[PDB]
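1. Let's see this in three dimensions:
(10 chains, ligands or ions: 53)
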Amino acid sequence: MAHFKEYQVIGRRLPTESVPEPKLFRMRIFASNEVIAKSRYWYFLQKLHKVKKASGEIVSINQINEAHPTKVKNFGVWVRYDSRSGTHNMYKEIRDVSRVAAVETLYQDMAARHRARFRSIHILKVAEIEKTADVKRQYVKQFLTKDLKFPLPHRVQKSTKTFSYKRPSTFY
Amino acid sequence: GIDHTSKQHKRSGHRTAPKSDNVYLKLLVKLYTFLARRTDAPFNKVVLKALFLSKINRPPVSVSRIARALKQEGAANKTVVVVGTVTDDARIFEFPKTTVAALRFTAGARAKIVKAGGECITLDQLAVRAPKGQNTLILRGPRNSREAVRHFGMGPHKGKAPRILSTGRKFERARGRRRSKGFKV
Amino acid sequence: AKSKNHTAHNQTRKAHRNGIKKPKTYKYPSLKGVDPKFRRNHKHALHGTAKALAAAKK
Amino acid sequence: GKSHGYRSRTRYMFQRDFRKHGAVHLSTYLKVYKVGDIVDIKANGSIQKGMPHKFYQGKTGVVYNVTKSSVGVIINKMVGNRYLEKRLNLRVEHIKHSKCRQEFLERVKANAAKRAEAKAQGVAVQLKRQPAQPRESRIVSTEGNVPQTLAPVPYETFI
Amino acid sequence: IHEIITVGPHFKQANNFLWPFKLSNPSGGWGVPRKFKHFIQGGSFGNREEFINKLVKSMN
Amino acid sequence: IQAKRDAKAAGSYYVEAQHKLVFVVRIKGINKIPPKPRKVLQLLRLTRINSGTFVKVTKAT
RNA sequence: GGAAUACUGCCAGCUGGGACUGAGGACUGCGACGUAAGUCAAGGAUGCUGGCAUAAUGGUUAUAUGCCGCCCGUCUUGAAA
RNA sequence: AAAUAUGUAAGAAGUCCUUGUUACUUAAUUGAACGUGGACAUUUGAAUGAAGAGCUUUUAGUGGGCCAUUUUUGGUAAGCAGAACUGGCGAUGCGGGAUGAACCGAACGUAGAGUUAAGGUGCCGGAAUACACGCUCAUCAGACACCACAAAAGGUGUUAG
RNA sequence: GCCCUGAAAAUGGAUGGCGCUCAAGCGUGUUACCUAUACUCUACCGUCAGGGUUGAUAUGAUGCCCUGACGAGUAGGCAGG
RNA sequence: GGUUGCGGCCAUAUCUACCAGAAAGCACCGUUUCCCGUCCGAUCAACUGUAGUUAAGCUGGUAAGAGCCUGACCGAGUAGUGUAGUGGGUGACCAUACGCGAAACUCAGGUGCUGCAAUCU
Ligand SMILES: [Mg+2]
Ligand SMILES: [Mg+2]
Ligand SMILES: [Mg+2]
Ligand SMILES: [Mg+2]
Ligand SMILES: [Mg+2]
Ligand SMILES: [Mg+2]
Ligand SMILES: [Mg+2]
Ligand SMILES: [Mg+2]
Ligand SMILES: [Mg+2]
Ligand SMILES: [Mg+2]
Ligand SMILES: [Mg+2]
Ligand SMILES: [Mg+2]
Ligand SMILES: [Mg+2]
Ligand SMILES: [Mg+2]
Ligand SMILES: [Mg+2]
Ligand SMILES: [Mg+2]
Ligand SMILES: [Mg+2]
Ligand SMILES: [Mg+2]
Ligand SMILES: [Mg+2]
Ligand SMILES: [Mg+2]
Ligand SMILES: [Mg+2]
Ligand SMILES: [Mg+2]
Ligand SMILES: [Mg+2]
Ligand SMILES: [Mg+2]
Ligand SMILES: [Mg+2]
Ligand SMILES: [Mg+2]
Ligand SMILES: [Mg+2]
Ligand SMILES: [Mg+2]
Ligand SMILES: [Mg+2]
Ligand SMILES: [Mg+2]
Ligand SMILES: [Mg+2]
Ligand SMILES: [Mg+2]
Ligand SMILES: [Mg+2]
Ligand SMILES: [Mg+2]
Ligand SMILES: [Mg+2]
Ligand SMILES: [Mg+2]
Ligand SMILES: [Mg+2]
Ligand SMILES: [Mg+2]
Ligand SMILES: [Mg+2]
Ligand SMILES: [Mg+2]
Ligand SMILES: [Mg+2]
Ligand SMILES: [Mg+2]
Ligand SMILES: [Mg+2]
Ligand SMILES: [Mg+2]
Ligand SMILES: [Mg+2]
Ligand SMILES: [Mg+2]
Ligand SMILES: [Mg+2]
Ligand SMILES: [Mg+2]
Ligand SMILES: [Mg+2]
Ligand SMILES: [Mg+2]
Ligand SMILES: [Mg+2]
Ligand SMILES: [Mg+2]
Ligand SMILES: [Mg+2]
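-> Numbers count the residues shown, from 1 in each chain, chains lettered A, B, ... in the order given. Ligands and ions are numbered 1, 2, ... in the order given. The structure is reproduced below:
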């Protein structure tokens, strides 16, 4: 729930003599360590299949490192979340370098705007919007123009010492 | 802090010397704690302890109580230890021989014993003959024979005794002591 | 004036200071309320089974 | 006034089972009880006689006595800070042999049997019950089982 | 040590022999704002699995 | 280790043996504890904050 | 295709700075290193040097300074009230 | 028809074989109880703990309680009255909640060094005017559990959907 | 979501106060730092427990010696002074 | 395997309708002097097993049959709930963490099992 890692979690039902070799199930899971990952795998599984962990086991847990972690990407993010009065589905886009990067601002962005803590949010699907102009949310289309350049008006150099023998300039 | 499961600073509820002050007894103790410590011999550890007892837990051992413990198989020639005071009992006639180590002997009790060609040693004497307490037979008296203990438990249907200052009909023999006067006990 | 009426508050704390224990237990337990004829006959089966053992010592 | 009669609060405790009213089957009267038998107490409200007081409903105890139509049962009962001994005169209709003791006897018969077939081999036994342990390592295969991968579900009203 | 890490036959009597360990407080800190939630929720209490080592070692 | 790499190599998944051992540190102090856990706390000798013992894992523990 | 590195963990790997303590008072224990005689950081500090005399230092006291401290006794679920 | 609670059992006072007693009981040396004699001790019959277990006698105070979470009754409600389990206050200081019986943290011999809890780190005040992404402009902003309240209803403010 | 309206009470006042507006406000995340009579190590007091020891051998045998653990307190109980 | 007598569990056995039933048994059935009971030899009692009949009882078979039983990753890991937080929220109430976990619903299978004794193509 913090600095995020992405996990594959592969699990299954406990084998019965009647059903040796039950079917294996997988999720991609974003958590900060692997304990929370495994715990999340059950949370969801319990809501999809009829299973609790006391009646199942976790087969594998492997980290999914970003394939091209220095290529800037436009992400599609689908989300299901709880407001104070309803629960809702929600699409938004995020431009970043990795999935793990993206999800973290996703998780912050949900708190900033809709005041949604981590607990009240399900990450439905996340995906690299292949062809630009499949980007729809303007606040990313805005960065896609040819030869995009912009200044950073009003520079504010932080100070090392509390007194200054000159009136500062903000000029970048 | 500590979630104590045990009452802190509790004292072994056990006498550790005699409360007494008879210098000779303290001497007798000083002897048997030495014996008790510097040997094995369960006997000394047991005698040591039993010197600490209060007069109530030292009920008297009788001369008939000794004689009868001597009709035990293979015991006729053991030496009976009675960390306490041996008393006389007119009720046995033929009384055997044997040597008896006690703390005190009543007048008639060292008679009886002696007259039968028997012996009356003291525990520090006994100590010498039997460092490891060999061939000895320890005998205690009847504690529950006490008259105090008659009234312990006094409750409805416990069938114990009233503490009454004087007895007869007209003294707690009516209501509660019979079906015809309300109820019984 | 009116006062509190009842509560069991604190009562199990009190009961569990030096309490509960178990029930005390014995082989050869009390024969209170056992079938009187059977007791009567048990009496006799015992005297007999005693006897017969002292006969086996001569 | 308050009301604390003998069978109070026992409206549902002494009801019969749904579609099990009427004559009590003969099995009940054919089971035989010796002393030291461990019996389960469960009242039958059609047999009004020899009834256990509602306390003892659901309580197990040992037979101390056997009579024409009833067993006497010893129950340990807590009053205040201590268990007290309790003697119950219950008609057989309200009483049952305790299966858990039969698990035990049968196990004791097992454990004497296991112990024999080991001295008849001079080998070791290992007779105490062990409690359910961890789990050892496994290798599940993917042959015919490529992990279907799942994802969380959208919200959707169905009403 | 061996009889512990491997569990095995007299673990019971081995481990009981071992007086409870008196650890300090964690030099470094608990790594979380409040401890009396679960490790899954933001820190301490409950099974933190093979994270217990980093913890103990700082209390050791 | 190699067990894991084999299983992977053979298109499988070596799922590990469940841990038989845990170490328990108690981190809550001694006030305001409910009778049940308080008892269990003592039966594992964790009777003082930051004290810790080993526990063999079975269902019963 | 062959590497690096991050992250995580291990070392009975090697080292610098700072702080508090020095209980015990012959010997007896477990070791360590030595080819050896012996040596040692191995069941609790020693060594070297220096300072102090109407004094260094310590005790009490007054005052100031920082922080903190409501009136006791009592009855009461509750008192500075 | 749960959950939480709740009874009992997990062996030497046991298991087995042989055959003794009696006036009970049986058609019946059949049973029933209680025995003699023989055999079976590595885990002897799950776990974990045990700071020892058992036991007697006797006496003080007390016999107005109250609070919190949860369950819950009366009442429009109450800092109201009244029960359930537990933990507290009372009897108890210490650190935090400015303050405060009851919250949180933690319970206390005299001390040194370290580390922390709950809570904090602009200045009062010990401790980053730290790092990071958003959000918000109020001619009545807002600022932390217990807690010192705010509602229906509205807004072409602004954000995301 | 945040912000605005809805939103009226009596001495002058309270996010604790000052003051704070890309916060010193609201939501979320990362580290570092401060600090209880609590935790870890050590000295000392006491209490409790376990052990050694007057074997011929100067001055306490209710003593000397070694070891571990513990220490809140009204009403009240006992003890040592 | 039929059938009967005495049963065990007491619907997988009961309910409704339609058929089918060799052999033995059971049954219906014939009779009223006798013991015996009735307003009524219908029930009850006795007598013959002789005059008759499988019509009924009884036994099975059928039925998208009513009911009842069994299952199920059917619904539902839902409802409810033990434990946790200085969690969200003005509140009503809600989410999360470690656990336990149903009812209805839906569908699928089924429709007596069995002991003792006797007897039968
Ligand atoms: Mg300039
Ligand atoms: Mg005798
Ligand atoms: Mg007596
Ligand atoms: Mg007398
Ligand atoms: Mg009054
Ligand atoms: Mg009142
Ligand atoms: Mg009262
Ligand atoms: Mg009244
Ligand atoms: Mg009433
Ligand atoms: Mg009811
Ligand atoms: Mg009926
Ligand atoms: Mg009657
Ligand atoms: Mg440390
Ligand atoms: Mg550091
Ligand atoms: Mg530090
Ligand atoms: Mg963290
Ligand atoms: Mg010194
Ligand atoms: Mg001087
Ligand atoms: Mg002064
Ligand atoms: Mg002040
Ligand atoms: Mg002042
Ligand atoms: Mg008053
Ligand atoms: Mg006062
Ligand atoms: Mg219980
Ligand atoms: Mg044990
Ligand atoms: Mg008393
Ligand atoms: Mg009293
Ligand atoms: Mg009184
Ligand atoms: Mg408190
Ligand atoms: Mg008071
Ligand atoms: Mg307090
Ligand atoms: Mg406040
Ligand atoms: Mg100020
Ligand atoms: Mg400062
Ligand atoms: Mg600033
Ligand atoms: Mg709140
Ligand atoms: Mg709006
Ligand atoms: Mg007004
Ligand atoms: Mg005013
Ligand atoms: Mg708020
Ligand atoms: Mg903030
Ligand atoms: Mg934050
Ligand atoms: Mg201190
Ligand atoms: Mg004290
Ligand atoms: Mg007629
Ligand atoms: Mg007729
Ligand atoms: Mg007839
Ligand atoms: Mg018929
Ligand atoms: Mg049907
Ligand atoms: Mg709490
Ligand atoms: Mg709340
Ligand atoms: Mg509020
Ligand atoms: Mg709920």
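
2. would you list every one of the strands in chain D?
-> Using DSSP state E, the strands of chain D run over D:38-41, D:60-66, D:70-79, D:82-91, D:95-97, D:138-141, D:148-149.

3. hmm, the first one touching RNA strand H?
-> Which is strand D:38-41. Yes - against RNA strand H, strand D:38-41 shows contacts by C-beta under 7 Å from any atom of the strand at D:38, D:40. All C-beta atoms are positioned from the backbone trio N, CA, C, and that covers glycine.

4. Give me the buried stretch members for that strand, please.
-> By 16 or more other C-beta atoms under 10 Å in any protein chain shown, the buried positions in strand D:38-41 come out as D:38, D:39, D:40, D:41.

5. what's the burial count for residue B:82?
-> 26 (other C-beta atoms under 10 Å in any protein chain shown).

6. nope, residue E:16 is what I meant
-> Using other C-beta under 10 Å: residue E:16 sits among 11 other residues.

7. Now it: which helix or strand?
-> Using DSSP states H and E, residue E:16 sits in helix E:11-17.

8. Name the residues that touch that helix?
-> E:3, E:4, F:53, F:54, F:56 (C-beta atoms under 8 Å, 6 or more residues apart in numbering or on different chains).

9. hmm, try it at 6 Å
-> Residues outside helix E:11-17 that contact it (C-beta atoms under 6 Å, 6 or more residues apart in numbering or on different chains): E:3, F:54, F:56.

10. sorry, back to before: out of the buried residues of strand D:38-41, which comes closest to residue A:78?
-> When those are ranked by distance to residue A:78 (C-beta to C-beta), residue D:40 comes first, at 58.3 Å.

11. Skipping its backbone neighbours, what lies nearest the closest one in space?
-> Counting by C-beta to C-beta, 6 or more residues apart in numbering or on different chains, residue D:40 lies nearest to residue D:96, which is 4.3 Å off, once chain neighbours are set aside.

12. Quick check: chain neighbours aside, which residue is closest to the residue most central in space within chain F?
-> Nearest to the geometric centre of chain F sits residue F:22, at 3.3 Å (C-alpha atoms, centre = their mean). In space, residue F:22 comes closest to residue F:55 once its chain neighbours are excluded; the distance is 5.1 Å by C-beta to C-beta, 6+ apart.

13. mind giving me a markdown table with the buried residues of strand D:38-41 and columns for distance to residue D:125?
-> Shown next, in a markdown table, are the buried residues of strand D:38-41 (distance: C-beta to C-beta, whole Å):
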| residue | distance to residue D:125 |
| --- | --- |
| D:38 | 27 |
| D:39 | 33 |
| D:40 | 33 |
| D:41 | 37 |
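
14. want to try CSV for the residues you listed, with distance to RNA strand I as columns?
-> As requested, those are arranged in CSV below (distance: C-beta to the nearest atom of the strand, whole Å):
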residue, distance to RNA strand I
D:38, 41
D:39, 45
D:40, 43
D:41, 42
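
15. Name the nearest of those residues relative to residue B:117.
-> Comparing the buried residues of strand D:38-41 against residue B:117 with C-beta to C-beta places residue D:38 closest, at 62.4 Å.

16. secondary structure class for the most centrally placed residue in chain A?
-> Geometric centre of chain A, nearest residue: residue A:103, 1.7 Å, by C-alpha atoms, centre = their mean. Recorded secondary structure, residue A:103: helix (DSSP: H, G, I helix; E, B strand; the rest coil).

17. pretty sure it is touching residue A:30, no?
-> Yes - contact criterion C-beta atoms under 6 Å: residue A:103 and residue A:30 qualify, at 4.9 Å.

18. What about residue F:49, how many residues nearby?
-> Neighbour tally, residue F:49, other C-beta under 10 Å: 16.

19. which residues in chain C form strands?
-> Read by DSSP E, chain C holds no strands at all.

20. So which residues of it form helices?
-> Here chain C has its helices, by DSSP state H, at C:11-15, C:36-54.

21. Figure out how far the shortest one is from the centre of its chain.
-> Okay, so that is helix C:11-15. What separates the centre of helix C:11-15 from the centre of its chain is 25 Å, taken as C-alpha atoms, centre = their mean, to the nearest Å.

22. so how far is residue C:45 from residue C:54?
-> Distance, residue C:54 to residue C:45, by C-beta to C-beta, to the nearest Å: 16 Å.

23. Ok, residue E:19 next?
-> 58 Å.

24. repeat for residue B:105
-> Per C-beta to C-beta, residue B:105 is found 48 Å from residue C:45.

25. Between these two, which has more neighbouring residues?
-> Neighbours per residue (other C-beta under 10 Å) separate residue B:105 from residue C:45, with residue B:105 holding more: 21 against 10.
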